[PDB]
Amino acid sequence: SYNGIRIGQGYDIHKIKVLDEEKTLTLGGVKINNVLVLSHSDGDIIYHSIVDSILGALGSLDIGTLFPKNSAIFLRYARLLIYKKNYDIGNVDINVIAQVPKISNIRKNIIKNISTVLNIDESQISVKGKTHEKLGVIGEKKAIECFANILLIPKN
């Protein structure tokens, strides 16, 4: 059983519809009032990819597989899983690849939200937004995706 330092990378992608001129997206727990997310879940690519990076770091079955609204249940889950396995989080670096919304505007709020739900300091979190040159599925605003990269550090 390996108990050294662990890497995780979560990935998520959700279909969206921008309320331009011809269910509301939540991103890092922040409501995005001009974008709908077309999903059975709440569409929070940031929360879901963070859960997936934790699960991945530790080698668990993923969320859908484990449990066959929901985003907070899973994040609390992931936090308590790191605890029971005797790890702390080192830092997490999140890349949201999204033509809309702009992330810089809501970045402080996402970071505080993550830090509360993971119970870690704001200095252990980075959330960055990248547009996609208005090319492809993302750049045409049909979808948004997120990569979350995390290190877990063995306690003591």
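Numbering starts at 1 and runs along the sequence shown.
K.L.:
How many missing residues of the deposited sequence lie between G59 and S60 in the entry, grouped as none, 1 to 3, 4 to 9, or 10 or more?
P.N.:
Missing residues, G59 to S60: none.
K.L.:
Between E22 and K23, what class does the number of missing deposited residues fall in: none, 1 to 3, 4 to 9, or 10 or more?
P.N.:
In the deposited sequence, 10 or more residues between these two have no coordinates.
K.L.:
If you average the CA temperature factors over each stretch, which comes out higher, 36 to 44 or 110 to 118?
P.N.:
Stretch with the greater average CA B-factor: 36 to 44.
K.L.:
With reference to the PDB entry, specify whether the mean Cα temperature factor is higher for 87 to 95 or for 27 to 35.
P.N.:
Higher mean C-alpha B-factor in the PDB entry: 27 to 35.
K.L.:
When you compare the CA B-factors of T65, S53, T131, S126 as listed in the entry, which one comes out on top?
P.N.:
In the PDB entry, the greatest C-alpha B-factor among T65, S53, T131, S126 is found at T65.
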